[PDB]
Amino acid sequence: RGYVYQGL
Amino acid sequence: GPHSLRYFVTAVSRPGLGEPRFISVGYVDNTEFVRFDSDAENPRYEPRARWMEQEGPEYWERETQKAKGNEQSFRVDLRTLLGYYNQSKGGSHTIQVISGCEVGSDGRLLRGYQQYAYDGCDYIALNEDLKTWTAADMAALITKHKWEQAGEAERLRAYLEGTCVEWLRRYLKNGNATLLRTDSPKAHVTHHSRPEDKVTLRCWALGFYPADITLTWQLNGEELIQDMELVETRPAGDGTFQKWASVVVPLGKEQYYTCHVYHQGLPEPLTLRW
Amino acid sequence: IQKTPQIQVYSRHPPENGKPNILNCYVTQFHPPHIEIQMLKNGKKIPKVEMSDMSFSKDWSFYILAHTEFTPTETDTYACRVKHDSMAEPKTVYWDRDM
Ligand SMILES: *[C@@H]1O[C@H](CO[C@H]2O[C@@H](C)[C@@H](O)[C@@H](O)[C@@H]2O)[C@@H](O[C@@H]2O[C@H](CO)[C@@H](O)[C@H](O)[C@H]2NC(C)=O)[C@H](O)[C@H]1NC(C)=O
Ligand SMILES: *[C@@H]1O[C@H](CO)[C@@H](O)[C@H](O)[C@H]1NC(C)=O
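Chains as they are written, first to last, in the deposited numbering: chain P, 1 to 8; chain A, 1 to 274; chain B, 1 to 99.
See below:
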């Protein structure tokens, strides 16, 4: 399952 | 042997044409198993491998919600970078990310990674220690500082060592008939004339799985790896792979050269001649 | 960065007239991502082609596959037409069944 990415 | 779980994510802006396109594709080893594409009528995470039919509706609902969240976060990211790089809102730009984990034959973690790129160039990435970041330019350095204050490395590491590893094992178990199989390559050689009394010999390897393979041409027991021409191993549309390698030999001595194919589905490597 | 795509056309099985097969058009090593890929049969666009296997390499260039089921005949010809910013003109690669 996928990740929830952090803003740049 | 070892196995991997990887996600390739990309967001591309298109000024004057609406919102950026967002796509996320997941792979177990070298085969696609899930995907989300924002340009679909009603965007949803969808199965791309037959064995994914084993997950219930809750899986699809949760992955979809996370994907829609990522879509919005990357949209904002595109705007943020215009600021870091002092670029205009009129041009198209691209953010790319590769995330994943690999385990050995025993299911234990071998390595984890997460790397970003902006317009085709390295931006920021997690180091092998899974604790610190490396930034390619001063803009990425701003991102590095934000991520350090937010405790991002710890969250990501928890995902790579935990969630990623556990679900990869589950996928390997559910899709064992597909993922743990071996399809032996079928090979043949083609011949093509050329000017100056020379000939092109091409060795083909077809219908194999997994993707790793080695094709070489030999002369007098030596390896002509220096003169060979070839293509990167490629998908054939049904879950199997294909590849070819060629060499130019003088007309008349084709019998002197041989093609060798090494693959896990070949107890003893194949040897072919025209 | 800008990289021109490499376009490769091939079938799953060695072509035999009257026997079901699969035709592939693998487009690789390109950047930017915007691209248009069409598969053609006797100069006409093939409907419902499947797009799959999108990924990137270590240098970030894009890869993607277009494929469709088909049954070759002695007369039918096939090709793959691609439009990308790295090229002023669209590029068409023809299936060479004797390759
Ligand atoms: C792939 O693994 C299955 C075993 O796994 C089955 O049960 C769960 C683990 C679940 O993942 C489910 O999807 C999967 O089908 C093998 O089947 C088993 O084979 C043994 C042989 O000793 C039988 O005794 C079991 O009854 C049988 N389980 C089933 C399906 O009832 C299967 O052989 C294997 N495939 C191959 C060839 O690698
Ligand atoms: C940003 O770009 C403009 C021109 O587009 C230039 O005038 C300005 O000096 C730049 N600002 C920075 C960040 O140096």
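C-beta: ideal position from N, C-alpha, C; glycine also.
Open item on the list: I want to see whether chain A comes within less than 8 Å of residue 126(B), judged by CB atoms only; does it?
Closed with: Chain B is shown only over 1 to 99; residue 126(B) falls outside these bounds and no answer can be derived.
Open item on the list: Please tell me whether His3(A) and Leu172(A) are closer than 8 Å, where the distance is taken between their beta carbons.
Closed with: Taking the first residue of the second sequence as 1, we reach residue 3(A) at position 3. Taking the first residue of the second sequence as 1, we reach residue 172(A) at position 172. Cβ distance < 8 Å, so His3(A) and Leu172(A) count as in contact.
Task: Simplified DSSP state of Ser246(A), which is helix, strand or coil - done: On the second sequence, residue 246(A) is found 246 positions in, with the first residue counted as 1. Of the three classes helix, strand and coil, the one that applies to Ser246(A) here is strand, per DSSP.
Open item on the list: Is there a Cβ of chain B sitting closer than 8 Å to that of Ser92(A), yes or no?
Closed with: Walking along the second sequence from the start, residue 92(A) turns up at place 92. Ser92(A) counts as touching chain B.
Task: Below-8 Å beta-carbon distance, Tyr78(B) vs any chain A residue - done: By one-based count along the third sequence, residue 78(B) stands at place 78. No - not a single Cβ of chain A is within 8 Å of the one on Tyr78(B).
Open item on the list: Any C-beta of chain B within less than 9 Å: which residues of the region 229–242 of chain A qualify?
Closed with: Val231, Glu232, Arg234, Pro235, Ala236, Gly237, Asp238, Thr240, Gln242
- [ ] Output yes if chain A places a C-beta closer than 8 Å to the C-beta of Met54(B); else output no.
- [x] Sequence index remark: in the third sequence, residue 54(B) carries index 54 (1-based). True, the Cβ-Cβ gap to chain A drops below 8 Å.
Task: the region 160–176 of chain A in contact with the region 197–217 of chain A per 3-pair CB rule at 8 Å - done: no
Open item on the list: Just to confirm before moving on: does the CB-CB distance between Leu109(A) and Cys121(A) stay below 8 Å?
Closed with: Here the question's residue 109(A) lines up with position 109 in the second sequence. Here the question's residue 121(A) lines up with position 121 in the second sequence. No, these two residues do not count as a Cβ contact at 8 Å.
TODO: May I ask which residues mark the beginning and end of the beta strand (DSSP E) holding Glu161(A)?
DONE: In the second sequence, the residue the question calls residue 161(A) occupies position 161. Note, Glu161(A): premise wrong, no beta strand (DSSP E); not H, not E.
Open item on the list: Nearer than 7 Å: is that true of the beta carbon of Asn30(A) relative to any heavy atom of ligand 2?
Closed with: As a working note, residue 30(A) is residue 30 in the second sequence. No, ligand 2 has no heavy atom inside 7 Å of this Cβ.
Task: Span of the alpha helix (DSSP H), counted from its first residue to its last, around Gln72(A) - done: Translated into positions along the second sequence, residue 72(A) becomes position 72. 57–85 is the span of the alpha helix (DSSP H), which, as asked, contains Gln72(A).
TODO: Starting from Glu50(B), trace the alpha helix (DSSP H) both ways and give me its first and last residue.
DONE: Position 50 of the third sequence holds residue 50(B). Element bounds for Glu50(B): not the alpha helix (DSSP H) but the beta strand (DSSP E), 50–56.
Task: Every unbroken alpha helix (DSSP H) within the region 188–217 of chain A, with a cutoff of 4 residues, ordered by chain - done: none
TODO: Keeping to the same chain, check which residues put their C-beta closer than 6 Å to that of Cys25(B); ignore five residues upstream and five downstream.
DONE: In the third sequence, counting from the first residue as 1, residue 25(B) sits at position 25. Counting only Cβ-Cβ distances below 6 Å, and skipping sequence neighbours, we find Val9, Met39, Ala66, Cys80.
TODO: Report the three-state DSSP secondary structure of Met228(A) (helix, strand or coil).
DONE: Indexing the second sequence from 1 puts residue 228(A) at position 228. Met228(A): coil per DSSP, three-state reduction.
Task: Exposure label - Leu141(A); buried when at least 16 CB within 10 Å - done: The sequence position of residue 141(A) within the second sequence is 141, counting from 1. With fewer than 16 Cβ atoms within 10 Å of its Cβ, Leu141(A) is classed as exposed.
Open item on the list: According to DSSP, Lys44(B) sits in a beta bridge with which residue or residues?
Closed with: If you number the third sequence from 1, residue 44(B) lands on position 44. DSSP output for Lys44(B) lists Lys41(B) as bridge partner(s).
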